[PDB]
Each structure stands twice: as C-alpha cells, then as structure tokens.
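Neighbour counts run over all protein chains shown; Cβ positions are idealised from the backbone, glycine included. Numbers and lists here come from the model and the stated rules, or from a named source; nothing here is a laboratory result.
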Amino acid sequence: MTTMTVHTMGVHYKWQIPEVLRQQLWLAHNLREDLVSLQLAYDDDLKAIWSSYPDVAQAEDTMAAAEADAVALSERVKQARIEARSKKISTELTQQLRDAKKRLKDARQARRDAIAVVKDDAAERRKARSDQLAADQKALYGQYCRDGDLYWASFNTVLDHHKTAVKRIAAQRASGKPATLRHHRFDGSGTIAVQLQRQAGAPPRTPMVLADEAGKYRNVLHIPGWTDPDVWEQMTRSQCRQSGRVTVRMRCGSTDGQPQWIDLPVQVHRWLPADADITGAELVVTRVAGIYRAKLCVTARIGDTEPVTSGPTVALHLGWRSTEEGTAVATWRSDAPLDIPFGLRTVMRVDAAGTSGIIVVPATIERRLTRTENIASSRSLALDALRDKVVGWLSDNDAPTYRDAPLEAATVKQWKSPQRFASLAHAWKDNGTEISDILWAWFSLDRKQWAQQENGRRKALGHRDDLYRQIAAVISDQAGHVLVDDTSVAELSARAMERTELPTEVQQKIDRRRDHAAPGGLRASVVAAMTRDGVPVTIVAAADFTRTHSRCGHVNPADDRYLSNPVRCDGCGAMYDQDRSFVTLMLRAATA
RNA sequence: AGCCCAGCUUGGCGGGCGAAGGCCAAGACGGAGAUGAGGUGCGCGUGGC
DNA sequence: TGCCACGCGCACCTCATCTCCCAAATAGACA
DNA sequence: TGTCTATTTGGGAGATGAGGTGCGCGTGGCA
Ligand SMILES: [Mg+2]
Ligand SMILES: [Mg+2]
Ligand SMILES: [Mg+2]
Ligand SMILES: [Zn+2]
C-alpha cells in the first residue's frame, strides 16, 4: 500500500485564472516570505546566543581575521590572473592563498569546537527561542487563515514544505556545506492544495468516492467520470480523449469569510485503480513566456509491485562524450541479450551479440537548443536598440507621466529587464505620441520571439526526457537486476569550473554539453522505473574503475590520460576504451 | 522557418501569427518543494592584436 | 610538443539531490 | 439531542555546527 503515485490532468488552455485563485497564490507567496523572514531572524538570534560566550567570541574574532586575510589574498590572486591574462601566475601567490585558506579552515574548526564545549549551557535559551518561533508560526495561521482568506490546506502545505526545507538546510550545515533560505519574487505562479482527511475507521478514499456527486468529499474535490483502468485501456484513443474531458470542482479558499469553489475543465488520459487511496491534490499554476498554464496533480497511495526474480543484469555507466551523431550519454552492458524496440535502435544502440551498447542523444535536440540561444541573442539586441531609441526620444521630447510621475532618462537608461519596457508599452498604449508606436511594435514582436525561445526549448528538453523514460521502460521490462555507478554529477559540476586545466571557453562548452545531455536525469529515470516495476537496483562503488584495465587488471596512474578515448595502458601496453572497461568491471564486481 | 490550436513526446491532416479550430495514430508517464550549482545572452574593464 | 583571454554587471533559464505525500480533537449545520 | 461536515492544531522531533571540492567519478584537439 506504501507506493505513492501522482496522476496529473491538464486544464484547458481556454481557461482564465479566476480572481480567487490569484488571491490564493498571492497569499501563499506572502506566507512563505513571512516564514522565511521569521526563520532568518531565528537563525540570527541563535548565532547571537552563540556569540555571547567569551571563548566563542575569541574564536569568532580569530576566524574574522583569517577570513579578511584570505579575501585579501584572493583579491590579489584575481588581480594577478587578470594582469597575466591566464590562469598561470606566480607560485608564491598560490602558496600564500593556500596557507591563508588552511588557516581560515582551522579557525572555523576552532569556532565549531568552542560552540561544542558550551553546547549544553545554551540549550534552555535555544529551546525558549524555538518556542517563540513556534508561537509566531501559530500566529501566522491565526492571521492568514482564521482572519484571512487562505485555505487551511494551502497553509499546511506551505508550512510543511518550509519545515522540510529547514530540516534539509540543517542537515547540510551539519556536514559542513553552506545553505541558507532565500527570498523569491512573486510573478503569478504557485500552488494551491486540497487535503482529503481520513479518520480512524473511515472508508478508503477510493477514486469511486471522488466521482460521486454526494460523496464525503463533494465539497472538497470532485472528479467525475472515473473509469476502470482495465476498461479504460480497451477504449480507442479517440473515445479516451473525448471521455476524459471533465470538470473538476475544487475548493479554493474563502473570500471575506465566504467559501469559494473553482471549476477546472481538465483532460484526463489515465485513471487510478479502484483500490487507490486519494490523499490529496494540488493545482499548480506556472508562467511560460508570460502565459499561465495550470495542471492538477492528484496523489494516491497504491499497493506495491511484487519484485522480479529472473532476468538479465544490466550495468549502466554515465558520461557526456561527444560523437558525430550526438552526445553519447551512457554506456550499458548486459549479462544476457536484451530486446530493444526498433523505434529506439537509433538512440539505444546495441551490438551484434546484444549484450553491449551506447545510449546517445539525437543532434536535433542540440540544434533546437542552439536555435533558442540565437533567438535570445536577437531578443537582447532588439531590446538594446529599443532602449537607445526610447532614451533619445525622452531626452529630446516631452515626458508624459508614467506611474503618475515624469519619466527621467536616468531611470530608462538603467532598465535591463524587458518587463519594464513591456509595462511602459502597456501604459502608453493609448499615449498617442510616436514613442508609443516604436514601443509597441517592439513589444508585439517580443511576445512572439519570447514564446519560441521558451517554448521550443521546452519541447527539446521534453523530447530528451521522453526518450530517457522510454529507455528506462524497456530495461524494467527485461532486467532482473540493474547496476548504477555512484558518480556524483552535482559535485563534478560544482568543482569543474575551478580546477580545470583547460581554458574557460572549452570548459564552458563541456559543461554546456553535460547540461544538455543530463546524465543524472537519465540515471534518475532508470532508477525510478526500476523501483516502480520491482527490479532491484545496486549502486556500485565505482572508485578506480576508469584507471583499471579490464583485460589485464592493472591500475594506470592518474596522469590525465583519461581526457580522450581510447586510453593507453601501462600493464599490457594496449589502448582500451575506458567505458566498456567500466561497465565490464561493474558487472564483474556485481556478479561475484 | 519557427511557436501555438484538450495533459507530454513523436508523426499525419486542417488552421492562427497573439490569434485561431480542431481531428487522428503510436509511446511513455511520481509530482511538489527547497537548496546548491551550472549555462546562455547582452554590455563594460584589461590587454594581445 | 605547447596552446587555447583574464575579470566584472544584470537578466533569465535549466540540472542534481533529497524529502514527503496526517489525522485527532473540536466546532458547526442541520434535522 | 445525534450524524455528518469542516476547521484548528500539533505534529514529526529532540534538537551544535555553512563556505564545499584533491577519492574517483568526467572532459582535448589543433597547429
Ligand atoms: Mg567513463
Ligand atoms: Mg497540446
Ligand atoms: Mg501544418
Ligand atoms: Zn592493461
């Protein structure tokens, strides 16, 4: 029963966001901002509690001095790098910088120890501050829901999300990595939640309950026209799409104490099992190219799938090397031959034996992403030209009032986002001057290019993601066991730009290719499919695998020879591919 | 040429250029939140040139 | 066998991991 | 006065710590 899942329904594009929904999203954003402000104040108060002790104060002073020295040396290193116009500077500067950084790290560790020794004596004060924070959070519910128009489900969703975020931040800071809460800017996107409570001894919240007009949750969430998945899968796609158009009635908070409901015309492609247990739903609103889209996600608790027992073992390895037919994003090997559909044979390549292959991404995705980049360049150039023309007209002509104030060239000149120019075009749409035409002929055009720059991009990414899911599907259809390497793409991405031996532009191109390939997404999709379909997954400790030659079992030195393929070995004196060897070593390690 | 026209990806037919108008076929489908990174684009400085 | 340009400013996007997906007590609307 | 519906609430916990990142894992060809 534990297996959670989400079924999504796409609201009709000919549906305008009601005012109640907009107010609900605004209230949710304000509530999260208030929560973040409270959390930051609480953090500052805790740090003030820590700084009260004398030993911690002395450690803080030492750490501050060390940080000042480190930042000064970093500034000098940056200046020397700028002067030399390269990354090769005097070795003395690097040694001074390393020594300063080591001293700073030691001072920070000393501060941590000073906190640790006096940790037990501040427990009462920290508990008191935590109680004050909880009281303020309760007052937020009093203000936003008891005396406000925010639905209690949305408040609870936001509060739970925030508490999970602070738990994650504390866990990260415990390891030694930086993390902090940040203020986001509202734009019109958000989420509104509905919760289906089930008390002790209550009947399951099956999908058949939600379809009833007079059900237990008729005034919380109503999804009419539920069809059994077995019957649903027999119908033709025409009937499935005609019958899947329903009108979901959803609670949408209050308005001056008066509860309100919204009717979303949604299109449903799949239904939930008759034994599901709907735990809740959420309507998510997003802006893509300044256009609002809505989607209703319903969460259900379904039973688990019996694990598989037989099947070939498939080992997967991640890379982002470049090939004439696209980026080769993965390399897979199998213990027994696999069966790949013919429609995927150009993406999930296989060998004659059927036990090995490479997963590559079509070059059309990269071409479309490059097209989006070109569109962005053209948009920026046109925006700059418009800025120049508007500033000139403002200087040489009279300034009609904008935002109930005269327009000053200092403000217009420093405008950088296109949102300001779009707003000025809207306000002066009926201005009647000439700068109202020049400022509209731009905006209209920019409303067509912008969409493309976003829309096409999404398509490309979607295409890639789709293919990945397809690939994952086939593996879960046959594999009795799947092995994945423990490569951390995030750590590599974070540390790549600082210790690269290549020029900045080459590393930028490599990182862009890695981002477009998205190896981590492919691995995540494979793991998710295996988990859903009951296939076991094993994360292999992949340390020292590309430096090991499978045929001879010798470990080559890390002399950066692995920057190209094939790679020369020292034990046997032969050139070997470092990814076939990787997957072979993974299979050997697992099959032991 | 692109983007859009009942969820998403890929195709076919018929349309729209910020508005219109949808129909059909195959496939896959676990979402949200936060954080941390990365990338692109346009300007500026410094040089080499 | 050595080289490929080093830093800012803002604006606007995606990628990589990780967690979580409630229910009891109390109050109201109705007959 | 008694069934269902809707909202309020307390969780859920025991409670140090933020600036990574040299372990590998990935990624270079051109003159
Ligand atoms: Mg490899
Ligand atoms: Mg569509
Ligand atoms: Mg057409
Ligand atoms: Zn060898």
Over region A:538-568, the set of residues hydroxyl-bearing (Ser, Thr, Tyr) and over 32 Å from the mean Cα position of the chain (by Cα) is A:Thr548, A:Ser550
Just give me the residues in region A:517-540 being touching a residue at least 60 places away in the same chain (Cβ under 8 Å), touching a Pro at 6+ places or on another chain (Cβ under 9 Å) and either surrounded by 21 or more Cβ atoms within 10 Å (Cβ to Cβ) or outside the structural domain of A:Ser476 (by TED's automatic domain parsing) (or both), in sequence order.
A:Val535
Here's a check for you: in region A:469-487, which residue that is near RNA strand B (Cβ under 9 Å from one of its atoms) and more than 22 Å from the chain's Cα centre (by Cα) is surrounded by the fewest Cβ atoms within 10 Å (Cβ to Cβ)?
A:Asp477
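Here is a yes/no grid of residues against (1) of a type in the set (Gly, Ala, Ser); (2) under 30 Å from A:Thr3 (Cα atoms); (3) more than 7 Å from DNA strand D (Cβ to nearest atom):
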| residue | (1), (2), (3) |
| --- | --- |
| A:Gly480 | yes, yes, yes |
| A:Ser488 | yes, yes, no |
| A:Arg532 | no, yes, yes |
| A:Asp560 | no, no, no |
| A:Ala589 | yes, no, yes |
For the condition over 17 Å from A:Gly319 (Cβ atoms), near RNA strand B (Cβ under 8 Å from one of its atoms) and not in a strand (DSSP E or B), what is the one hit in A:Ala494, A:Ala490?
A:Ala494
Checked against (1) part of a loop (DSSP other than H, G, I, E, B); (2) without any contact (Cβ under 8 Å) to a residue 40 or more places away in the chain, A:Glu501 satisfies every condition except (2)
Taking the residues in region A:167-181 that are part of a helix (DSSP H, G or I) and near RNA strand B (Cβ under 8 Å from one of its atoms) as candidates, determine which candidate is surrounded by the fewest Cβ atoms within 10 Å (Cβ to Cβ).
A:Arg168
By residue number, the members of region A:326-351 that are closer than 20 Å to A:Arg512 by Cα and within 16 Å of RNA strand B (Cβ to nearest atom) are A:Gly326, A:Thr327, A:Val329
Subset of region A:283-341 that is of a type in the set (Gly, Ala, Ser) and touching a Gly at 6+ places or on another chain (Cβ under 6 Å) - its residue that is surrounded by the fewest Cβ atoms within 10 Å (Cβ to Cβ)
A:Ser310
Would you call A:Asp544 exposed (fewer than 12 other Cβ atoms within 10 Å of the Cβ), within 11 Å of DNA strand D (Cβ to nearest atom) and charged (D, E, K, R)?
yes
What number of residues within region A:232-244 are surrounded by 13 or more Cβ atoms within 10 Å (Cβ to Cβ) and either closer than 18 Å to A:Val284 by Cβ or of a type outside the set (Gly, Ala, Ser) (or both)?
4
Checking A:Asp437 against (1) in contact (Cβ under 8 Å) with a residue 12 or more places away in the chain; (2) acidic (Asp, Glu); (3) away from DNA strand C (no atom under 11 Å from the Cβ), the condition it does not meet
(1)
Out of all the residues in region A:91-105, is one or more among the β-branched types (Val, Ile, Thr) and surrounded by 16 or more Cβ atoms within 10 Å (Cβ to Cβ)?
no
Positions within region A:339-367 being in a strand (DSSP E or B) and either in contact with a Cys (Cβ under 6 Å, 6 or more places away or on another chain) or closer than 15 Å to A:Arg321 by Cα (or both), in sequence order:
A:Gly357, A:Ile358, A:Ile359, A:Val360
Are there any pairs, at least 6 apart or on different chains, whose C-beta atoms fall under 9 Å, with the first in region A:63-92 and farther than 11 Å from A:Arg103 by Cα and the second part of a helix (DSSP H, G or I) and charged (D, E, K, R), and if so, which?
A:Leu73/A:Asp99; A:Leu73/A:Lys101; A:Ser74/A:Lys101; A:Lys87/A:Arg81; A:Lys88/A:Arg81; A:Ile89/A:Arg81; A:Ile89/A:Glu83
Would you please name the residue that is nearest to A:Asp335 (Cα to Cα), looking only at residues in region A:544-592 that are in contact (Cβ under 8 Å) with a residue 40 or more places away in the chain and among the small types (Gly, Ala, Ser)?
A:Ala590
